[PDB]
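Coordinates from model_6.tsv are shown below (TSV, C-alpha atoms and all ligand atoms).
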```
chain	number	residue	atom	x	y	z
A	1	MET	CA	-29.97	3.82	41.74
A	2	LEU	CA	-27.89	1.81	39.27
A	3	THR	CA	-30.14	-1.20	38.83
A	4	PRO	CA	-33.45	-0.66	40.70
A	5	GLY	CA	-35.73	-3.71	41.10
A	6	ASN	CA	-32.67	-5.56	42.35
A	7	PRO	CA	-31.53	-4.60	45.85
A	8	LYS	CA	-28.58	-5.81	47.89
A	9	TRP	CA	-27.58	-7.78	50.95
A	10	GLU	CA	-26.97	-5.73	54.10
A	11	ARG	CA	-24.27	-8.05	55.43
A	12	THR	CA	-21.20	-9.48	53.75
A	13	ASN	CA	-21.12	-12.97	55.30
A	14	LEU	CA	-23.96	-14.97	53.62
A	15	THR	CA	-24.86	-18.58	54.20
A	16	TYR	CA	-25.85	-21.11	51.54
A	17	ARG	CA	-27.38	-24.58	51.54
A	18	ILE	CA	-27.56	-27.22	48.82
A	19	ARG	CA	-30.96	-28.84	49.38
A	20	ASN	CA	-30.70	-31.72	46.93
A	21	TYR	CA	-28.59	-33.07	44.08
A	22	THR	CA	-28.70	-34.14	40.45
A	23	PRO	CA	-28.15	-37.74	39.27
A	24	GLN	CA	-25.99	-36.27	36.47
A	25	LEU	CA	-23.05	-35.57	38.83
A	26	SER	CA	-21.58	-36.94	42.04
A	27	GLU	CA	-22.46	-35.12	45.26
A	28	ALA	CA	-18.85	-33.93	45.51
A	29	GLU	CA	-18.97	-32.58	41.95
A	30	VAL	CA	-22.12	-30.60	42.71
A	31	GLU	CA	-20.59	-29.27	45.96
A	32	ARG	CA	-17.44	-28.23	44.11
A	33	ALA	CA	-19.36	-26.54	41.27
A	34	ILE	CA	-21.44	-24.50	43.70
A	35	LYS	CA	-18.53	-23.62	46.01
A	36	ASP	CA	-16.37	-22.41	43.13
A	37	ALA	CA	-19.26	-20.40	41.64
A	38	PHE	CA	-19.55	-18.51	44.95
A	39	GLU	CA	-15.77	-18.10	45.06
A	40	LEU	CA	-15.86	-16.23	41.73
A	41	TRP	CA	-17.93	-13.50	43.29
A	42	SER	CA	-16.08	-13.62	46.61
A	43	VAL	CA	-12.67	-12.88	45.08
A	44	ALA	CA	-14.04	-9.72	43.40
A	45	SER	CA	-16.06	-8.35	46.35
A	46	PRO	CA	-16.14	-8.33	50.18
A	47	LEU	CA	-18.63	-11.19	50.21
A	48	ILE	CA	-17.86	-14.34	52.16
A	49	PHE	CA	-20.00	-17.41	51.59
A	50	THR	CA	-20.45	-19.97	54.34
A	51	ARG	CA	-21.96	-23.41	53.70
A	52	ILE	CA	-24.47	-25.00	56.05
A	53	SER	CA	-25.60	-28.63	55.76
A	54	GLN	CA	-29.14	-28.28	57.12
A	55	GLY	CA	-31.53	-25.56	58.23
A	56	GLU	CA	-32.20	-22.05	56.97
A	57	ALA	CA	-29.58	-20.39	54.79
A	58	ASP	CA	-29.59	-17.02	53.07
A	59	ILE	CA	-29.21	-18.69	49.69
A	60	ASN	CA	-30.95	-22.02	49.06
A	61	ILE	CA	-29.81	-24.07	46.08
A	62	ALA	CA	-31.95	-26.87	44.65
A	63	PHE	CA	-32.71	-28.94	41.59
A	64	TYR	CA	-36.40	-28.96	40.64
A	65	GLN	CA	-38.57	-29.99	37.68
A	66	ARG	CA	-41.44	-28.10	36.00
A	67	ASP	CA	-43.76	-26.58	38.65
A	68	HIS	CA	-41.88	-26.28	41.92
A	69	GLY	CA	-43.72	-23.87	44.21
A	70	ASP	CA	-42.67	-20.39	43.11
A	71	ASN	CA	-44.84	-19.50	40.09
A	72	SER	CA	-41.91	-19.72	37.65
A	73	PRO	CA	-42.08	-23.26	36.30
A	74	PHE	CA	-39.17	-24.91	34.53
A	75	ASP	CA	-39.66	-26.22	31.01
A	76	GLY	CA	-37.96	-29.60	30.59
A	77	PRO	CA	-34.64	-30.24	28.79
A	78	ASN	CA	-32.90	-27.11	27.41
A	79	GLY	CA	-34.53	-23.68	27.31
A	80	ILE	CA	-34.57	-22.24	30.85
A	81	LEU	CA	-31.66	-23.87	32.68
A	82	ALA	CA	-32.01	-22.18	36.09
A	83	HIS	CA	-33.23	-19.01	37.78
A	84	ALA	CA	-32.61	-17.00	40.93
A	85	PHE	CA	-34.24	-14.39	43.11
A	86	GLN	CA	-32.91	-10.94	44.01
A	87	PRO	CA	-31.53	-10.23	47.51
A	88	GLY	CA	-34.17	-10.35	50.21
A	89	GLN	CA	-35.67	-12.45	52.98
A	90	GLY	CA	-37.28	-15.83	52.38
A	91	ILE	CA	-37.02	-16.90	48.75
A	92	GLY	CA	-34.79	-13.86	48.14
A	93	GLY	CA	-31.37	-14.96	46.95
A	94	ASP	CA	-32.47	-18.53	46.26
A	95	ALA	CA	-31.26	-20.33	43.15
A	96	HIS	CA	-33.12	-23.15	41.39
A	97	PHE	CA	-31.68	-25.43	38.70
A	98	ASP	CA	-33.75	-27.37	36.18
A	99	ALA	CA	-33.44	-31.00	37.22
A	100	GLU	CA	-34.18	-32.18	33.67
A	101	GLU	CA	-30.91	-30.81	32.28
A	102	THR	CA	-27.74	-32.69	31.55
A	103	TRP	CA	-25.47	-31.07	34.13
A	104	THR	CA	-21.73	-31.37	33.59
A	105	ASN	CA	-18.37	-30.17	34.76
A	106	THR	CA	-16.99	-30.27	31.22
A	107	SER	CA	-17.49	-28.30	28.01
A	108	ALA	CA	-20.59	-30.38	27.19
A	109	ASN	CA	-23.83	-28.50	27.56
A	110	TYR	CA	-24.72	-26.80	30.76
A	111	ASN	CA	-21.73	-26.77	32.83
A	112	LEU	CA	-23.23	-26.44	36.31
A	113	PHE	CA	-20.44	-24.21	37.63
A	114	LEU	CA	-21.01	-21.63	34.89
A	115	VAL	CA	-24.79	-21.63	35.23
A	116	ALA	CA	-24.55	-21.40	39.03
A	117	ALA	CA	-22.11	-18.50	38.76
A	118	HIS	CA	-24.57	-16.63	36.55
A	119	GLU	CA	-27.49	-17.32	38.89
A	120	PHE	CA	-25.54	-16.21	41.94
A	121	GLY	CA	-24.98	-12.86	40.18
A	122	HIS	CA	-28.76	-12.49	40.32
A	123	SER	CA	-28.80	-13.71	43.95
A	124	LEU	CA	-26.42	-10.83	44.75
A	125	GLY	CA	-28.35	-8.15	42.88
A	126	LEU	CA	-27.01	-8.09	39.31
A	127	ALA	CA	-29.19	-8.01	36.20
A	128	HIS	CA	-28.27	-9.22	32.74
A	129	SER	CA	-25.42	-7.67	30.80
A	130	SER	CA	-25.33	-6.85	27.07
A	131	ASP	CA	-21.64	-7.82	27.04
A	132	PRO	CA	-21.44	-11.26	25.37
A	133	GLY	CA	-18.19	-11.95	27.24
A	134	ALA	CA	-19.91	-11.38	30.59
A	135	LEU	CA	-21.13	-14.19	32.81
A	136	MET	CA	-24.34	-12.23	33.24
A	137	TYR	CA	-25.11	-12.32	29.49
A	138	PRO	CA	-28.67	-13.74	29.14
A	139	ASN	CA	-27.76	-16.83	27.09
A	140	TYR	CA	-25.59	-19.81	28.00
A	141	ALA	CA	-22.14	-20.06	26.49
A	142	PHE	CA	-19.22	-22.21	27.53
A	143	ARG	CA	-16.08	-20.50	28.85
A	144	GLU	CA	-12.96	-22.07	30.37
A	145	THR	CA	-13.40	-23.17	34.00
A	146	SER	CA	-9.75	-23.58	35.06
A	147	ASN	CA	-9.48	-20.74	37.62
A	148	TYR	CA	-11.41	-18.17	39.65
A	149	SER	CA	-11.37	-15.47	36.94
A	150	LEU	CA	-14.57	-13.46	36.60
A	151	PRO	CA	-15.01	-11.57	33.30
A	152	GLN	CA	-14.24	-7.91	33.76
A	153	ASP	CA	-17.81	-6.75	33.13
A	154	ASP	CA	-19.03	-8.91	36.03
A	155	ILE	CA	-16.28	-7.51	38.28
A	156	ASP	CA	-17.54	-4.04	37.37
A	157	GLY	CA	-21.06	-5.10	38.31
A	158	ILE	CA	-20.40	-6.66	41.70
A	159	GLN	CA	-18.01	-3.80	42.63
A	160	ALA	CA	-20.73	-1.26	41.77
A	161	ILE	CA	-23.00	-2.85	44.40
A	162	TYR	CA	-20.64	-3.96	47.17
A	163	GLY	CA	-17.22	-2.49	46.46
B	1	LIG	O1	-33.91	-15.49	35.79
B	1	LIG	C1	-33.39	-16.09	34.85
B	1	LIG	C2	-33.92	-17.30	34.43
B	1	LIG	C3	-33.36	-18.01	33.36
B	1	LIG	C4	-32.25	-17.52	32.71
B	1	LIG	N1	-31.67	-18.26	31.61
B	1	LIG	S1	-31.03	-19.76	31.77
B	1	LIG	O2	-31.49	-20.44	33.03
B	1	LIG	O3	-31.44	-20.61	30.58
B	1	LIG	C5	-29.22	-19.58	31.79
B	1	LIG	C6	-28.62	-18.86	30.76
B	1	LIG	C7	-27.23	-18.69	30.73
B	1	LIG	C8	-26.43	-19.25	31.74
B	1	LIG	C9	-24.92	-19.05	31.65
B	1	LIG	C10	-24.35	-18.69	30.43
B	1	LIG	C11	-22.97	-18.51	30.28
B	1	LIG	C12	-22.15	-18.69	31.38
B	1	LIG	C13	-22.72	-19.05	32.60
B	1	LIG	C14	-24.10	-19.24	32.74
B	1	LIG	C15	-27.02	-19.99	32.77
B	1	LIG	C16	-28.43	-20.15	32.79
B	1	LIG	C17	-31.70	-16.30	33.12
B	1	LIG	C18	-32.28	-15.61	34.19
B	1	LIG	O4	-31.77	-14.57	34.50
B	2	CA	CA	-35.05	-26.39	30.99
B	3	CA	CA	-33.20	-16.92	50.69
B	4	ZN	ZN	-37.83	-21.67	41.05
B	5	ZN	ZN	-29.96	-14.58	34.18
```

Could you write out this file's structure as structure tokens?
Amino acid sequence: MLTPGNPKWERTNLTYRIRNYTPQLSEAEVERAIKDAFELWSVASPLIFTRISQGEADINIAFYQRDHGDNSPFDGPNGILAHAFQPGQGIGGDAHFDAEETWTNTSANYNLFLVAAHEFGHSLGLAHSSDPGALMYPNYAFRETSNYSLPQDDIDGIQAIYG
């Protein structure tokens, strides 16, 4: 294909739900981080993300600690910050964030917006990139969060799947 293992969504309007929050940020700050992370992908693709407040969404977002029901346990502070599942029904698309992290909306470690943007790449069908400037690079690095600019390698990736 282009990246087998990873598939793709069959429709362009996807719903998301934030299931819980982190004490590290206000509820509004979490909502804004997640919304803007989706917007990054939306402005480079045909995808439209619609928030729901309750019920079943395509993409569930949640903060969990250690074992949390999906056979991929988190590991406490640092290390694994988050993970996400490839497009599909059920857990497909879902994104989990390690609740034991310091989550920020600054340059201090683990800016939630940046980590969420990376995870949502996985939720949409992207794998890791070898480009260190790419959001989809395997390791966390801070980058400026002032606008909705996706690095060009990530634009190439989402365009290759969805146009
Ligand atoms: O399935 C997984 C599980 C864990 C991964 N690593 S991570 O949670 O520690 C992580 C690494 C980098 C980022 C990131 C780096 C730079 C910009 C934005 C996000 C976010 C989370 C990556 C991954 O793909
Ligand atoms: Ca961790
Ligand atoms: Ca899902
Ligand atoms: Zn999980
Ligand atoms: Zn990743």

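Compared by their closest atoms to ligand CA 2 (chain B), and using all atoms listed in the file, the residues A:78, A:145, A:129, A:45 rank with A:78 nearest.
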
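Relative to atom CA of residue A:123, atom CA of residue A:139 is found at 17.2 Å.
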
Using only C-alpha atoms and all ligand atoms, the best pick from A:76, A:46, A:23, A:92 as closest to ligand CA 3 (chain B) would be A:92

Could you make a table, as CSV, of the residues of chain A that have an atom within 6 Å of an atom of ligand CA 2 (chain B), each with its nearest atom pair and distance in Å to one decimal, counting all atoms listed in the file, in chain and number order?
```
residue,atom,partner,partner_atom,distance
A:74,CA,B:CA2,CA,5.6
A:75,CA,B:CA2,CA,4.6
A:76,CA,B:CA2,CA,4.4
A:77,CA,B:CA2,CA,4.5
A:78,CA,B:CA2,CA,4.2
A:79,CA,B:CA2,CA,4.6
A:80,CA,B:CA2,CA,4.2
A:81,CA,B:CA2,CA,4.5
A:98,CA,B:CA2,CA,5.4
```

Serialized selection, C-alpha atoms, as a compact mmCIF listing (two decimals), in the coordinates of the input:
```txt
# COMPACT_ATOMS: atom_id res chain seq x y z
CA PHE A 74 -39.17 -24.91 34.53
CA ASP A 75 -39.66 -26.22 31.01
CA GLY A 76 -37.96 -29.60 30.59
CA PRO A 77 -34.64 -30.24 28.79
CA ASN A 78 -32.90 -27.11 27.41
CA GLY A 79 -34.53 -23.68 27.31
CA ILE A 80 -34.57 -22.24 30.85
CA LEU A 81 -31.66 -23.87 32.68
CA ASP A 98 -33.75 -27.37 36.18
```

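Distances here use all atoms listed in the file; by that measure, the residue among A:5, A:88, A:125, A:163 closest to ligand ZN 5 (chain B) is A:125.
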
Within 10 Å of ligand ZN 4 (chain B), which residues show up when you count all atoms listed in the file? List them as a ChimeraX atom specification, please. /A:61-74,82-85,91,94-98

note - atom CA of residue A:57 and atom CA of residue A:151 are separated by 27.4 Å

Expressed in Å to a single decimal, how great is the separation between atom CA of residue A:115 and atom CA of residue A:162? 21.7 Å

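The residue that comes closest to ligand LIG 1 (chain B), out of A:52, A:160, A:33, A:47 and on the basis of only C-alpha atoms and all ligand atoms, is A:33.
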
Which is closer to residue A:99 than all the others in A:3, A:24, A:15, A:113, using all atoms listed in the file? A:24

Spatial neighbours of residue A:14, max dist 10 Å, all atoms listed in the file, sep filter under 3 positions, as number ranges by chain: A: 9-11, 47-51, 57-59, 93

Within 7 Å of ligand ZN 5 (chain B), counting only C-alpha atoms and all ligand atoms, residues as a list in words: residues 83, 118, 119, 122, 127, 128, 136 and 138 of chain A

Extract, using all atoms listed in the file, all DNA, RNA and protein residues at most 10 Å from residue A:2, discarding same-chain residues fewer than 2 positions from it, and format them as an MDAnalysis selection string. chainID A and resid 4:7 126 157 160:161

Looking at all atoms listed in the file, which of A:21, A:16, A:41, A:140 is the one that sits closest to ligand LIG 1 (chain B)? A:140

As JSON, please: the centre and edge lengths in Å, to one decimal, of an axis-aligned box enclosing every listed atom of ligand LIG 1 (chain B) with 3 Å added on each side.
```
{"center_x": -28.0, "center_y": -17.6, "center_z": 33.0, "size_x": 17.8, "size_y": 12.0, "size_z": 11.5}
```

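All residues of protein, DNA or RNA that reach within 8 Å of residue A:40, judged by all atoms listed in the file and not counting those fewer than 2 positions away in the chain, are residues 36, 37, 38, 42, 43, 44, 117, 148, 149 and 150 of chain A.
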